[PDB]
Amino acid sequence: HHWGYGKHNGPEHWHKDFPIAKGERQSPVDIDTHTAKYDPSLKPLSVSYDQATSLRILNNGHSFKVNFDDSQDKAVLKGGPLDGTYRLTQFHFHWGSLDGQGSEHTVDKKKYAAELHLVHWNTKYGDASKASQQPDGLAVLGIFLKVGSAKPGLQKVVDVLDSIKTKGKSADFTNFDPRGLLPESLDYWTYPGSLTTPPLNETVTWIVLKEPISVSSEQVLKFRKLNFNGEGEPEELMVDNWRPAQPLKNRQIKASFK
Ligand code: NA
Ligand code: NA
Ligand code: NA
Ligand SMILES: [Zn+2]
């Protein structure tokens, strides 16, 4: 009886195995754009992805994930709310059964069709496992997806999904450039939060970009052909793999822009 997104194992059940699910710094949250305070001292955000080296893509039964070779000082996030340097290790997505839902964060209660999470670890902790345990160990760059015009840089991802349809499948996935997934603006909101999947560790600085990327209906439809199940099991489409907004509790969301 593994955690998932269904009626009997979904987000409302997670707290039994992972009591931190009811903690003080859980993610995602609704971003109240009127309450968020512009912070004129945030340093400029620096997203330096030109030497990123992708390795493999996987269906883990909960999302699809592209892992990067993070053994060297390449693809890094710094500045903004962050102290030091955070190294990209993987990205994955959350998406809906319909275009009107799928994101984890919301903006004034608005749900986007999907959300991209680029996950980075603080290099002061040596690798991602140790970093994942520290209160300032991880930084996730979150990017909303809306349905409209195609995102050309997503197409190479979309086209490999047929090869990882079911849980447990993986494939080599080299030379993917995550710069092709970024919007024009780096305007963002930031707050202290958690992983949005078990174990829900409260170790993430969230940086959520204001500007969504547009992807086509056809691109997101291909996400929805993935399966939660393993090969040979009854087909359950991988859709609505998003955790809803959690209580903000005492937290402040800061804006990088006026
Ligand atoms: Na990792
Ligand atoms: Na853009
Ligand atoms: Na769900
Ligand atoms: Zn995620």
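Counting starts with 1 at the first residue shown.
How was it done? The header gives X-ray crystallography, 1.3 Å.
Every residue, even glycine, has its Cβ placed from backbone N, Cα and C.
Long-range Cβ proximity for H62 (active site, proton donor/acceptor), meaning a same-chain Cβ under 8 A and a gap of 6 or more residues, is found for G4, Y5, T197, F228, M238, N241. Summarising the annotation, Swiss-Prot assigns active site, proton donor/acceptor to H62.
Reduced to three states, the DSSP call for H94 (Zn(2+) binding site) is strand. Residues near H94 (Zn(2+) binding site) in space but far in sequence (CB under 8 A, at least 6 apart, same chain), listed by position: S63, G102, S103, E104, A114, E115, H117, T196, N241, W242, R243. Under the heading Zn(2+) binding site, Swiss-Prot lists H92, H94, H117, citing experimental evidence as support.
Per Swiss-Prot, the feature substrate binding site maps to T196, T197. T196 (substrate binding site) carries neither a helix nor a strand DSSP state and counts as coil.
Marked as phosphoserine by Swiss-Prot on the basis of a large-scale study or a structure entry: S163 (among others). Around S163 (phosphoserine), a 10 Å sphere centred on its CB holds 13 further CB atoms from the protein chains shown.
Mapped onto three states, the DSSP output places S170 (phosphoserine) in strand. Per Swiss-Prot, phosphoserine is recorded for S170 (among others), and the stated evidence type is a large-scale study or a structure entry.
Selection of the recorded positions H92, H94, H117, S163, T196, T197 by a Cβ distance under 6 Å from ligand 3 yields an empty set. Apart from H92, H94, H117, the residues listed for Zn(2+), the same chain places the Cβ atoms of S63, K65, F91, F93, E104, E115, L116, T196 within 8 Å of the centroid of those Cβ atoms. Proximity to ligand 4 at the level of Cβ atoms, with a cut-off under 6 angstroms, picks out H117 from the recorded positions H62, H117, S163, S170. For the recorded site, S163 (phosphoserine), the DSSP three-state label reads helix. Taking the Cβ of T196 (substrate binding site) as centre and 10 Å as the limit, one finds 23 other Cβ atoms among all the protein chains shown.
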